[PDB]
Amino acid sequence: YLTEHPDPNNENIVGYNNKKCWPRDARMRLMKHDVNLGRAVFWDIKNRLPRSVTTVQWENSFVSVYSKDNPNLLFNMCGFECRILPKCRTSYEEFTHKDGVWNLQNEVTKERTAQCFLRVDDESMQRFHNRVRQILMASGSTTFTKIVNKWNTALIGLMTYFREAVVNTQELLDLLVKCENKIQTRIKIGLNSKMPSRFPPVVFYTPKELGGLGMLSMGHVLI
Amino acid sequence: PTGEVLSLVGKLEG
Amino acid sequence: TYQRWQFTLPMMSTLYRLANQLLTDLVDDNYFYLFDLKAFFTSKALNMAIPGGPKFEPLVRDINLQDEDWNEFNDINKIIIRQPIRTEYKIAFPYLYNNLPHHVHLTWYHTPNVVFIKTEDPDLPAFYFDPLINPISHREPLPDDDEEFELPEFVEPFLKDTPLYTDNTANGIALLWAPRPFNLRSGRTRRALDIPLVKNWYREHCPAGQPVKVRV
Amino acid sequence: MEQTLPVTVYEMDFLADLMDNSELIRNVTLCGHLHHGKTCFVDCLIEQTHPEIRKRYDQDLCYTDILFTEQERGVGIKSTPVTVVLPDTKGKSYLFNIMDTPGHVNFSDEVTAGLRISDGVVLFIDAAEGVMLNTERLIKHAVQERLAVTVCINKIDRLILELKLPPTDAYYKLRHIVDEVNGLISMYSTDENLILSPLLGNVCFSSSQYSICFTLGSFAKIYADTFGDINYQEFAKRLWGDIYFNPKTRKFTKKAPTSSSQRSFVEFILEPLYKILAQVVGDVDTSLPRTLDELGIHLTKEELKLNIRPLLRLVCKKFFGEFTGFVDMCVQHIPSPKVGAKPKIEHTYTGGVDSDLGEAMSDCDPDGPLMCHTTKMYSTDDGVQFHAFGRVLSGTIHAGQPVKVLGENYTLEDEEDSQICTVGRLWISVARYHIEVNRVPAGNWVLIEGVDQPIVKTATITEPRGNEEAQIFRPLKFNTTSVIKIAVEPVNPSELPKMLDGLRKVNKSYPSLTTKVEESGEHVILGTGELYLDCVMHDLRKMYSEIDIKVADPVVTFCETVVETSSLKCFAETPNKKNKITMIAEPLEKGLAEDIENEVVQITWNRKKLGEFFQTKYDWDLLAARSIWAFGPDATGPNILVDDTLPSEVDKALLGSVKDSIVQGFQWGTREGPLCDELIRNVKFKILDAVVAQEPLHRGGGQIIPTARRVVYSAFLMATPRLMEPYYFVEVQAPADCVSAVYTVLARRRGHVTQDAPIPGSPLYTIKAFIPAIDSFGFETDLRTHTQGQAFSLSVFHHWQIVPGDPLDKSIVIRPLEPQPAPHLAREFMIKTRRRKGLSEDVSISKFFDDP
Amino acid sequence: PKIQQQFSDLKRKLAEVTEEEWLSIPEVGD
Amino acid sequence: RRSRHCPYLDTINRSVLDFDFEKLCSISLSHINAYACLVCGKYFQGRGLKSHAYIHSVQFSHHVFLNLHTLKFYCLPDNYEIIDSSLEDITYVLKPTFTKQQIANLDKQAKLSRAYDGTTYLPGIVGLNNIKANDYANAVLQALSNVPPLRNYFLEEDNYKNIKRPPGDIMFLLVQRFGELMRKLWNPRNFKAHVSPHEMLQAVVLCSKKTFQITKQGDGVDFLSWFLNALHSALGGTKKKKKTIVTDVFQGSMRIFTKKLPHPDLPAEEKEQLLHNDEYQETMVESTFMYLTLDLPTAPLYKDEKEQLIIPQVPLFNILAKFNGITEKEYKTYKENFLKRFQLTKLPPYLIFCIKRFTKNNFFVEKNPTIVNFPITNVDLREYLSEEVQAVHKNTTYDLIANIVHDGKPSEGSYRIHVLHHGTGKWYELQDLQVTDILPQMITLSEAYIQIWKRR
Ligand SMILES: Nc1nc2c(ncn2[C@@H]2O[C@H](COP(=O)(O)OP(=O)(O)OP(=O)(O)O)[C@@H](O)[C@H]2O)c(=O)[nH]1
Ligand SMILES: [Mg+2]
Ligand SMILES: [Zn+2]
């Protein structure tokens, strides 16, 4: 790779895509050797595909290297954000049961060898936020029941797809509560032009068949 | 005790 | 019109004595090391707070140190840690400790100590070996007295008749180090609005053992 | 020429005419402690010679300290040369090449660079502080560099306006300062011919703020002008030094009359000065007009309305006039330099005075060979092109004349560090303006354009097609050692070449800077101190390269040594499987490293004298004393190489055949070191056996040198190794109160207070202490802020000491970001510096053996 | 620049056209 | 004496030697006495005991070095010169030198050369590495190459090496590094089929003062104009030497006939009265041009029945109509309008067209997508000249030899260059590092941005 595309300034670190969502010591560590290896692997793969049929851009791709310097292996798949950490490598610690941590264990000797930490893709979080924004704008003259039905369907889909990742992602919980508050405020503004103080939650959370809106909750609401 | 909904963060211990 | 004034040294000394209570009796700016407007400018531009200093919003969008991705350069396995590099060090040497020092101001380095001996007792002679001065532990191709060198009759020291020190010598010497405007002897006239009395009070460090509200 | 120059008392044509006559040229260096008046004295001389340039009333013009960093910080950062024509008290004009040097202790490299090309030293001593750290160090350096020295006691007005001491006690303070200086000179110099005393003219009294400067001779001359019948020379001979005046007989005596008469100094010099200052400052409106009338000083009403300080400056200027005492000092007590040429060649030139060129230069005539020597490199404000500043020891530099430039590594045998260049223009550098000339004869200072490319730090400029037996002047020997180390990288890796250019330019600009590239591709800069490195970084980031640069955290450079003899005698063999070496390592005796470093012993010595010293001083047997081979990485290094090989086991001729190769291997091994790839200090390597192959193509070259280094490494590793930390010597000048605070701050950083004393004649104290260099970071700001700015400290490298822990210990465990306790600082320092250097994780005592 | 400043050239050229064409302009109805 | 018998010569490997970058010691950054190790391809300081090269030799067992400035080999640590004829190719690649017969026969080379690795190529038809955003500079430099007179001038260092330059002159880096790059490109015995413009572009950014960086791509025409002007100025020694090689090759002379329009919003009486004012009368402001600026007609803004493809098209001669003594362009500066006529007076041997694609409308920069339909092998510019100049001019038929094309949007653009390979007559499309073979008939279907034509 370096004979093909010589790099005298070690410029190979400028454009290296990284997973910002993880902490600094969990992200990839842009060491010289690992950076060069990742770029070389991407170059080798790109060479095989003719550019008349299809392309493989670097900006939209991501190549993660696990080696003597990097102890984590990262990848994004199907909207999840997975980071695999070996037990032998930079763990040195006992582990209790957290929601978002899968305990990957060897299949023949049945021994805990690695842990996979899950998070929700920033793209998926933005998609959910935009869906909520669409609900709010398109509400217009629509009914409170229909608004709450849309919110319920969106929340159910998100929470049944990203089951543990939602609990593991701290940003997603804050986003969820902010969006739920937005929906509640929309209903209240529809009720009256002046926002109230200490609005009762029974109206929102009473089941539909019992006269209420049957709103689903994913926050800490104290009655 | 306002009717606002609060983030679960830090309230999943139990 | 009451636009300009020119006083006399005894007047100026008496006014200084009367104003004494409003003045800190500081003869140097060594006190304000890392506590003057330039140090504050540097701390603002770097978005850092001197322990006793103010605290502003980041002038630029602060670099989150959770953002850089652990290059070979900033590897933490290579760094030897002895003392935590405090904010004061970065203000003191803005170019040796900061990356991207932008709109940073260099601070005046040391100035020689002004060893001034304030005269407590007026009755004493102006020039007097004060106890504060450490004693000098006493202990040369001179010519021979037999030599015929004779001074003429006219010759005597330049100002023999004039007294060494007068009644208003210590006062003038003190005025030489009195703070502004007490070091002047002429100038213009300002406005009562334009004269602040406690600006030098809050420009100083806060007195020790004070409540949090006054500290803030 | 014909360039535009400021209005001046003298004339450039007369300056050029003087330049030819080498008997009226005085090369002087103004040196001293920080903030002791050098720059303002030079400013005032410039004002005397340039009636248009004037110092601001409330702000002090410098006319040196030209740099923006200098102006902002208030501390001089770079030495500045000024060439002027100053009159003598007799009225005879001379040419003065005055190199004003910085006072801060970090920038002593500038002072050494100025000394190399100066012939005399003027030491500025503050009248209130007295003798301080840099004054002591500079006296040592000047006497060791073999320069005539004279002293100017500055800021004598502090004794009158700040301490307000009585005349007699002010006289006592001045006498004590003189005694201190004489004591230091005697301590650092065997010869007693250099005694400083105002009677002789070696000491002057000055107050640069208020434009006063005089010697006994000049103040007797003022008396002579006022009354015409005195011989001011005899008057001056009698003034100072326990000589009491009898007015009834009009005669001076060594015996005090009346038991209350003051010395003639107090009666005639000091007291009227007290009176003038007191009358100007305290009674400006009552009797000042009468006193000035008595003095004959008439000042205009516009002037006498000034505030007290400007009025004082004006009145004292009018009373005293020019700085003729300084000129008298320098003219009398500093070589011509026709006279001073011979010691200069004896000390600096590598070919020795006895050489034919040594004689040709010690003659110092314009019509001879060209032997310029350039020590400084001054950068144009744009920062692109440099100009070499140096002195002309022989011949004449002509603009446009091709020259041959020799770098520091040139030798008469290795003729590849030379290069032919062409000089474009010549300048006579006044501080803020450069006079362009067509030529410069021997015995002068000159700025040369177009010869910067083939040189880095120091160079010698000769003529091509001649002086075939030309050798380089010795490279500068520096007063200290650059220890602090930082790493530098650019922010955008696309702009690396700009950073490289900046690094080269700063290397040229700062004489003692060392820039290098480690094995891991890290660019490292070595500097003396934190202010030094801050200025370096500012210049790099703003003046030379205009990019953004990241700087790593400061760290020091450690050394490696042993504390006991090797457990077993180690050995190795060449890849050829011949040429076997066998060595042992042990620690040296106390002080031997100091002797070797300070040149108390030289390998160039005849083996007779060398063995004489080794046998008489350090209790060695002459057998070993005459078996020395090398002195560490350099000709003067703190590690020794002896060959214990008895004549019965090894053919001495055969061993001498590969002596050079083994010496090269030894020097390389000592230079690098196995523990962390850093200098090895205070170790005796003893060649116990050497089986040498028969044929030269089987020995020498790429066989012995690697084997030699490997054996050295194995022996050192077998001997119990330790790391050595640099140690800084700190001197704090605090009030009588804050001594306890100084104690506390120092104790917080592994400090150790050696002493604490009062400053005689002043209300302050000096606290001398030892600090570890690695802990010294931020110490001065800690002190100043904790004490509220009343305590100030200056630190300088003193000696190497063993780090408390044991480095080669694998039991210890280190966390990445914790301050470790003492018992394993050695292990931490070794492992982390190994990581920095990019070596393996750990080193094993068997790594470099031939067995594993 | 300003809009009428931009259209000055086309306005000047528009000056040329004849009254016979001026009243013969069709209408978008087609 | 042991020279010609060094046993370590087999250690060399030409797969790591890359002489395309700065020549400084890799440990001390000094430019003085640089030696390249031929076993690893790294630069150190030169020769002698305790030197970096010596210590590297004894440390790594790499026992063969080359003096980068002297072209002499040495074997360390026992430093003796090495003399062996099989090493001449390394020196040639380090510093190519073209003899007069070689430059005379440079164009008549119908046989492909082969690099050290198994790659065939042709001198001049060689790719230029692509740093982040460099394609515009690559294309411009490739076009400037293939110009026999300029190329031949720059292939001999002696031509421009002796000219004077003021002391603080950085604008000679351009000329000398351009000579170096030209020699590297036209080297017939390279070690690889591609070259790195890193040094040339560093000099370009330095001299342009951060204009024309390499992390951001600028306008090809602006870069070409600035480069040509800089080369002319730099080759003009301590003055404006009126005739450099750039002027001899590219610069022609035109005659501009400017007529200040009286005013648009005035009555006819005043408008026609102002004609006699002489201020609104035709002038002659004859000047010189490095390159002609051709302006495409505005896009149709509506599709039509013919040429159903939404792509418009123009003949070459319609846009060459301007620069004949008849047509009149309309210049419009504030408060003033001008009718400008043009008349070519001196035609240069190598003529440059710079067709104006990108234009800033009221809001953004728009790329004109019109395609110029032009012949490649023959064009007669005789008519566009005055009869007073036609007699002087003997040959006026031009042939296209270089064509720089821009693709994509104005922001995310890219550049490629069609070059005619002399000796043969084959047309090659060079993108930054890819060399395709383009048929002669497909050049005219692209959005020709810049063009260079040869007079025959
Ligand atoms: N009281 C008094 N102060 C002086 C006198 N001369 C200089 N100073 C002060 O001493 C301080 C030191 O300034 P300089 O003398 O210009 O600095 P320097 O001597 O070049 O020392 P460096 O900054 O290290 O180069 C200045 O702030 C002056 O105000 C003097 O004669 N009397
Ligand atoms: Mg100074
Ligand atoms: Zn190598």
# chains A, B, ... in the order shown; residues from 1 in each chain; ligands from 1
>>> residues_around(residues="stretch 606-614 of chain D", least_positions_apart="4", cutoff="10 Å", atoms="only C-alpha atoms", output="PDB file with N, CA, C and O atoms, in the first residue's frame")
ATOM      1  N   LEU D 592      36.169  11.923  40.691  1.00  0.00           N
ATOM      2  CA  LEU D 592      36.907  11.671  39.459  1.00  0.00           C
ATOM      3  C   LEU D 592      36.112  12.126  38.242  1.00  0.00           C
ATOM      4  O   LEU D 592      36.676  12.694  37.296  1.00  0.00           O
ATOM      5  N   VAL D 600      40.312  18.957  34.705  1.00  0.00           N
ATOM      6  CA  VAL D 600      41.459  18.819  35.590  1.00  0.00           C
ATOM      7  C   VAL D 600      42.412  17.764  35.057  1.00  0.00           C
ATOM      8  O   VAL D 600      43.588  17.741  35.431  1.00  0.00           O
ATOM      9  N   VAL D 601      41.923  16.876  34.190  1.00  0.00           N
ATOM     10  CA  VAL D 601      42.749  15.916  33.475  1.00  0.00           C
ATOM     11  C   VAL D 601      42.300  15.888  32.022  1.00  0.00           C
ATOM     12  O   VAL D 601      41.111  15.987  31.712  1.00  0.00           O
ATOM     13  N   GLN D 602      43.273  15.749  31.127  1.00  0.00           N
ATOM     14  CA  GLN D 602      43.005  15.673  29.700  1.00  0.00           C
ATOM     15  C   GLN D 602      43.716  14.457  29.131  1.00  0.00           C
ATOM     16  O   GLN D 602      44.863  14.180  29.489  1.00  0.00           O
ATOM     17  N   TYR D 618      44.175   9.958  43.125  1.00  0.00           N
ATOM     18  CA  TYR D 618      43.113   8.985  43.357  1.00  0.00           C
ATOM     19  C   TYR D 618      43.655   7.601  43.697  1.00  0.00           C
ATOM     20  O   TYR D 618      42.966   6.598  43.486  1.00  0.00           O
ATOM     21  N   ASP D 619      44.874   7.526  44.232  1.00  0.00           N
ATOM     22  CA  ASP D 619      45.387   6.312  44.865  1.00  0.00           C
ATOM     23  C   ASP D 619      45.383   5.115  43.915  1.00  0.00           C
ATOM     24  O   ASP D 619      45.078   3.990  44.318  1.00  0.00           O
ATOM     25  N   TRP D 620      45.726   5.335  42.651  1.00  0.00           N
ATOM     26  CA  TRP D 620      45.832   4.248  41.691  1.00  0.00           C
ATOM     27  C   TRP D 620      47.273   3.764  41.581  1.00  0.00           C
ATOM     28  O   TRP D 620      48.222   4.506  41.850  1.00  0.00           O
ATOM     29  N   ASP D 621      47.425   2.505  41.185  1.00  0.00           N
ATOM     30  CA  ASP D 621      48.734   1.991  40.813  1.00  0.00           C
ATOM     31  C   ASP D 621      49.126   2.526  39.442  1.00  0.00           C
ATOM     32  O   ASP D 621      48.290   2.656  38.544  1.00  0.00           O
ATOM     33  N   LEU D 622      50.413   2.838  39.278  1.00  0.00           N
ATOM     34  CA  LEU D 622      50.855   3.404  38.009  1.00  0.00           C
ATOM     35  C   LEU D 622      50.665   2.432  36.853  1.00  0.00           C
ATOM     36  O   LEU D 622      50.490   2.876  35.712  1.00  0.00           O
ATOM     37  N   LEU D 623      50.675   1.125  37.119  1.00  0.00           N
ATOM     38  CA  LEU D 623      50.394   0.158  36.065  1.00  0.00           C
ATOM     39  C   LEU D 623      49.049   0.447  35.410  1.00  0.00           C
ATOM     40  O   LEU D 623      48.954   0.574  34.184  1.00  0.00           O
ATOM     41  N   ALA D 624      47.993   0.559  36.219  1.00  0.00           N
ATOM     42  CA  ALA D 624      46.689   0.920  35.677  1.00  0.00           C
ATOM     43  C   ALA D 624      46.677   2.355  35.171  1.00  0.00           C
ATOM     44  O   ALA D 624      46.079   2.639  34.127  1.00  0.00           O
ATOM     45  N   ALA D 625      47.335   3.267  35.888  1.00  0.00           N
ATOM     46  CA  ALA D 625      47.326   4.672  35.506  1.00  0.00           C
ATOM     47  C   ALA D 625      47.882   4.894  34.107  1.00  0.00           C
ATOM     48  O   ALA D 625      47.460   5.836  33.430  1.00  0.00           O
ATOM     49  N   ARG D 626      48.813   4.055  33.663  1.00  0.00           N
ATOM     50  CA  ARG D 626      49.356   4.140  32.316  1.00  0.00           C
ATOM     51  C   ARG D 626      48.649   3.201  31.347  1.00  0.00           C
ATOM     52  O   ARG D 626      49.169   2.944  30.258  1.00  0.00           O
ATOM     53  N   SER D 627      47.477   2.684  31.723  1.00  0.00           N
ATOM     54  CA  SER D 627      46.701   1.780  30.882  1.00  0.00           C
ATOM     55  C   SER D 627      45.355   2.379  30.490  1.00  0.00           C
ATOM     56  O   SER D 627      44.402   1.638  30.232  1.00  0.00           O
ATOM     57  N   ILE D 628      45.255   3.703  30.444  1.00  0.00           N
ATOM     58  CA  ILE D 628      44.007   4.370  30.093  1.00  0.00           C
ATOM     59  C   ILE D 628      43.873   4.413  28.579  1.00  0.00           C
ATOM     60  O   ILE D 628      44.866   4.567  27.858  1.00  0.00           O
TER      61      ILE D 628
END
>>> residues_around(residues="stretch 811-824 of chain D", least_positions_apart="6", cutoff="8 Å", atoms="only C-alpha atoms", output="PyMOL selection string")
(chain C and resi 76-83) or (chain D and resi 804-805)
>>> residues_around(residues="residue A:13", least_positions_apart="2", cutoff="12 Å", atoms="only C-alpha atoms", output="mmCIF file with N, CA, C and O atoms, in the first residue's frame")
data_model
loop_
_atom_site.group_PDB
_atom_site.id
_atom_site.type_symbol
_atom_site.label_atom_id
_atom_site.label_comp_id
_atom_site.auth_asym_id
_atom_site.auth_seq_id
_atom_site.Cartn_x
_atom_site.Cartn_y
_atom_site.Cartn_z
ATOM 1 N N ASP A 7 3.373 7.945 1.818
ATOM 2 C CA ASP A 7 2.907 8.894 2.827
ATOM 3 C C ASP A 7 4.111 9.345 3.643
ATOM 4 O O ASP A 7 4.456 8.720 4.656
ATOM 5 N N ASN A 9 4.492 12.189 5.388
ATOM 6 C CA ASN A 9 4.166 13.048 6.515
ATOM 7 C C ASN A 9 3.353 12.348 7.593
ATOM 8 O O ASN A 9 2.950 13.000 8.561
ATOM 9 N N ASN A 10 3.104 11.048 7.462
ATOM 10 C CA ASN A 10 2.177 10.355 8.352
ATOM 11 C C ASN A 10 0.817 11.045 8.346
ATOM 12 O O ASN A 10 0.190 11.238 9.388
ATOM 13 N N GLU A 11 0.367 11.427 7.155
ATOM 14 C CA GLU A 11 -0.928 12.065 6.968
ATOM 15 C C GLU A 11 -2.087 11.084 7.062
ATOM 16 O O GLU A 11 -3.244 11.512 7.007
ATOM 17 N N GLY A 15 -8.067 11.579 8.109
ATOM 18 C CA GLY A 15 -9.418 11.255 7.694
ATOM 19 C C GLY A 15 -9.943 9.940 8.226
ATOM 20 O O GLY A 15 -10.909 9.394 7.686
ATOM 21 N N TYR A 16 -9.328 9.420 9.280
ATOM 22 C CA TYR A 16 -9.685 8.103 9.793
ATOM 23 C C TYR A 16 -10.988 8.203 10.572
ATOM 24 O O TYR A 16 -11.028 8.780 11.663
ATOM 25 N N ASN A 17 -12.055 7.640 10.012
ATOM 26 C CA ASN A 17 -13.341 7.626 10.692
ATOM 27 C C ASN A 17 -13.222 6.892 12.019
ATOM 28 O O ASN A 17 -12.586 5.838 12.104
ATOM 29 N N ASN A 18 -13.834 7.451 13.059
ATOM 30 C CA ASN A 18 -13.820 6.849 14.382
ATOM 31 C C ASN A 18 -15.213 6.915 14.989
ATOM 32 O O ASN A 18 -16.053 7.724 14.587
ATOM 33 N N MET A 28 -11.099 3.236 18.905
ATOM 34 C CA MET A 28 -9.841 2.821 18.306
ATOM 35 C C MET A 28 -8.749 3.825 18.648
ATOM 36 O O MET A 28 -9.006 5.023 18.783
ATOM 37 N N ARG A 29 -7.523 3.331 18.793
ATOM 38 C CA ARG A 29 -6.368 4.167 19.097
ATOM 39 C C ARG A 29 -5.514 4.263 17.839
ATOM 40 O O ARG A 29 -4.949 3.264 17.387
ATOM 41 N N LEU A 30 -5.419 5.470 17.283
ATOM 42 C CA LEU A 30 -4.833 5.679 15.960
ATOM 43 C C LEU A 30 -3.307 5.612 16.047
ATOM 44 O O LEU A 30 -2.590 6.606 15.919
ATOM 45 N N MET A 31 -2.814 4.399 16.268
ATOM 46 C CA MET A 31 -1.387 4.146 16.178
ATOM 47 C C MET A 31 -0.967 4.051 14.714
ATOM 48 O O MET A 31 -1.774 3.760 13.828
ATOM 49 N N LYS A 32 0.317 4.308 14.463
ATOM 50 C CA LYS A 32 0.807 4.347 13.088
ATOM 51 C C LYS A 32 0.570 3.019 12.382
ATOM 52 O O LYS A 32 0.014 2.979 11.276
ATOM 53 N N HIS A 33 1.004 1.921 12.998
ATOM 54 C CA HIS A 33 0.911 0.619 12.347
ATOM 55 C C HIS A 33 -0.536 0.250 12.062
ATOM 56 O O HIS A 33 -0.869 -0.196 10.960
ATOM 57 N N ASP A 34 -1.412 0.427 13.050
ATOM 58 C CA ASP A 34 -2.808 0.051 12.870
ATOM 59 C C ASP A 34 -3.485 0.921 11.819
ATOM 60 O O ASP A 34 -4.277 0.425 11.011
ATOM 61 N N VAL A 35 -3.188 2.220 11.812
ATOM 62 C CA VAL A 35 -3.769 3.107 10.809
ATOM 63 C C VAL A 35 -3.339 2.672 9.414
ATOM 64 O O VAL A 35 -4.156 2.575 8.487
ATOM 65 N N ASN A 36 -2.043 2.403 9.245
ATOM 66 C CA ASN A 36 -1.552 1.972 7.944
ATOM 67 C C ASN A 36 -2.196 0.658 7.529
ATOM 68 O O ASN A 36 -2.559 0.480 6.363
ATOM 69 N N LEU A 37 -2.351 -0.274 8.471
ATOM 70 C CA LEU A 37 -2.958 -1.558 8.142
ATOM 71 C C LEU A 37 -4.406 -1.388 7.706
ATOM 72 O O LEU A 37 -4.847 -2.017 6.737
ATOM 73 N N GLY A 38 -5.166 -0.557 8.415
ATOM 74 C CA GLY A 38 -6.552 -0.342 8.031
ATOM 75 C C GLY A 38 -6.672 0.277 6.654
ATOM 76 O O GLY A 38 -7.465 -0.172 5.817
ATOM 77 N N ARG A 39 -5.871 1.311 6.391
ATOM 78 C CA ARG A 39 -5.904 1.930 5.072
ATOM 79 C C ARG A 39 -5.506 0.934 3.991
ATOM 80 O O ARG A 39 -6.112 0.903 2.914
ATOM 81 N N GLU C 68 -10.262 13.784 21.178
ATOM 82 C CA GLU C 68 -9.058 13.258 20.549
ATOM 83 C C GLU C 68 -8.946 11.762 20.807
ATOM 84 O O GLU C 68 -9.327 11.262 21.869
ATOM 85 N N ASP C 69 -8.412 11.044 19.823
ATOM 86 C CA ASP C 69 -8.529 9.593 19.755
ATOM 87 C C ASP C 69 -7.214 8.878 20.054
ATOM 88 O O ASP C 69 -6.875 7.885 19.408
ATOM 89 N N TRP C 70 -6.456 9.358 21.038
ATOM 90 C CA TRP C 70 -5.337 8.595 21.590
ATOM 91 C C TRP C 70 -4.321 8.246 20.496
ATOM 92 O O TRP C 70 -4.154 7.094 20.101
ATOM 93 N N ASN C 71 -3.660 9.285 19.999
ATOM 94 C CA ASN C 71 -2.615 9.101 18.999
ATOM 95 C C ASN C 71 -1.397 8.467 19.667
ATOM 96 O O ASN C 71 -1.413 8.107 20.846
ATOM 97 N N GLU C 72 -0.317 8.309 18.900
ATOM 98 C CA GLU C 72 0.969 7.994 19.511
ATOM 99 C C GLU C 72 1.463 9.148 20.367
ATOM 100 O O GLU C 72 2.110 8.927 21.396
ATOM 101 N N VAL D 491 -0.148 20.129 14.255
ATOM 102 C CA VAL D 491 -1.561 19.820 14.429
ATOM 103 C C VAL D 491 -2.126 19.183 13.168
ATOM 104 O O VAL D 491 -2.851 18.185 13.236
ATOM 105 N N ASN D 492 -1.805 19.743 12.006
ATOM 106 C CA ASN D 492 -2.195 19.164 10.728
ATOM 107 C C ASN D 492 -0.983 18.482 10.116
ATOM 108 O O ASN D 492 -0.062 19.176 9.657
ATOM 109 N N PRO D 493 -0.924 17.148 10.070
ATOM 110 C CA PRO D 493 0.284 16.487 9.553
ATOM 111 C C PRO D 493 0.648 16.890 8.137
ATOM 112 O O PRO D 493 1.760 16.579 7.696
ATOM 113 N N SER D 494 -0.240 17.566 7.409
ATOM 114 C CA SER D 494 0.105 18.002 6.062
ATOM 115 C C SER D 494 1.159 19.099 6.078
ATOM 116 O O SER D 494 1.833 19.319 5.066
#
>>> residues_near_ligand(ligand="ligand 2", cutoff="7 Å", atoms="only C-alpha atoms and all ligand atoms", output="mmCIF file with C-alpha atoms, in the first residue's frame")
data_model
loop_
_atom_site.group_PDB
_atom_site.id
_atom_site.type_symbol
_atom_site.label_atom_id
_atom_site.label_comp_id
_atom_site.auth_asym_id
_atom_site.auth_seq_id
_atom_site.Cartn_x
_atom_site.Cartn_y
_atom_site.Cartn_z
ATOM 1 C CA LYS D 38 22.721 46.508 31.809
ATOM 2 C CA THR D 39 20.098 47.352 29.202
ATOM 3 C CA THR D 64 18.146 46.549 23.278
ATOM 4 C CA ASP D 65 15.603 43.853 24.136
ATOM 5 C CA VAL D 75 13.325 40.189 30.476
ATOM 6 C CA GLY D 76 16.067 40.279 27.876
ATOM 7 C CA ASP D 100 24.896 43.460 26.023
ATOM 8 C CA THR D 101 23.897 40.042 27.325
ATOM 9 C CA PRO D 102 20.735 38.781 29.045
ATOM 10 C CA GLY D 103 20.772 38.454 32.814
#
>>> interface_residues(of="chain B", to="chain A", cutoff="7 Å", atoms="only C-alpha atoms", output="number ranges by chain")
B: 2-9
>>> residues_near_ligand(ligand="ligand 3", cutoff="8 Å", atoms="only C-alpha atoms and all ligand atoms", output="ChimeraX atom specification")
/F:37-42,56-57,60-62
>>> interface_residues(of="chain F", to="chain E", cutoff="9 Å", atoms="only C-alpha atoms", output="ChimeraX atom specification")
/F:264-265,334,362
>>> write_last_selection(atoms="C-alpha atoms", output="PDB file, in the first residue's frame")
ATOM      1  CA  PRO F 264     -28.595  53.276 -21.788  1.00  0.00           C
ATOM      2  CA  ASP F 265     -31.082  55.693 -20.173  1.00  0.00           C
ATOM      3  CA  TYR F 334     -20.885  49.879 -12.685  1.00  0.00           C
ATOM      4  CA  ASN F 362     -26.680  36.087  -8.093  1.00  0.00           C
TER       5      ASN F 362
END
>>> residues_near_ligand(ligand="ligand 1", cutoff="9 Å", atoms="only C-alpha atoms and all ligand atoms", output="MDAnalysis selection string")
(chainID C and resid 111:112 114) or (chainID D and resid 31:43 59:62 64:65 70 73:79 100:105 124 126 154:158 161:162 206:212)
